[PDB]
């Protein structure tokens, strides 16, 4: 059998999630005889064959479409054709913003098996069993795909480990189907906002979330951060509101705080997307009045207390 993996690149770089999927696919297959097929799609995608000629890639297909980077019409048409050509039992896509653009459209046309944001996957016998979250990550939901000879999964980033070393895949080139896309990509953009500090370089963060309530409450945490010698960061809603610059935002669509050794999460629930920016931090303290908050499932230290009372007392004690 074949497992098809759709790689992901942007701005001339391969997104590392691509190699996570290859790890996933190789772990998933039932016999040695099974093959992992990787496809990379884009008008200049030959650039990526070295980066994708890695351990666990049996076949590498370079699909030349009309766009440089992701386009949902191009990708949908291309992945459909890949599935047609290769008859894979399982197709693995990253649960990424790009995949969000087309994955469920692909699955609507053909009635393939489909599940998204999957973070456990295995065969039990010949039955594919995928696990994903339910009710804001409070449960696991385990699903199968009765009678589906092709199952399309999107895979939660930062869950499956990449393999090590090079590979020697058979490399092939195909043209994407001739589809005129109904959209055209224009500039990439980094929007305004202050940028005095590169939060990927900093070792000690105090991060504030929607639990701070009102913008008037930001200043006291800025002061605490200053007193403690921490860099103030935030969750997406705080940046969305304009209360701190987007450069201070931690998570999937903000920055990953790769240098951070101590992260103090205050009034942050711990969404999967926030966690993506900081779950690697070796010492995480969470301050949150909701004991059911996801953040406690990764924090080393938890304080179930009001953030303002904690902040005032920290301030007092530090001074």
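Residue numbers count along the first chain shown, from 1.
For the two regions 142-150 and 94-102, the entry's Cα B-factors average higher over 142-150. Taking the PDB entry as given, 161-169 carries the higher mean Cα B factor of the two stretches 209-217 and 161-169. For the set 198, 117, 71, 240, the PDB entry puts the maximum C-alpha B factor at 198. Across the options 155, 202, 77, 232, the residue with the most elevated CA B-factor in the record is 202. When all modelled residues of the chain are sorted by CA temperature factor, residue 6 is found within the lowest third. Per-chain ranking of the deposited C-alpha B factor places residue 186 in the lowest third. Ranked by Cα temperature factor within the chain, residue 222 sits in the highest third according to the deposited record.
Residue 131: CA B factor lies in the lowest third for its chain, per the PDB record. Ranked within its chain, residue 278 lands in the lowest third, by CA B factor from the PDB record.
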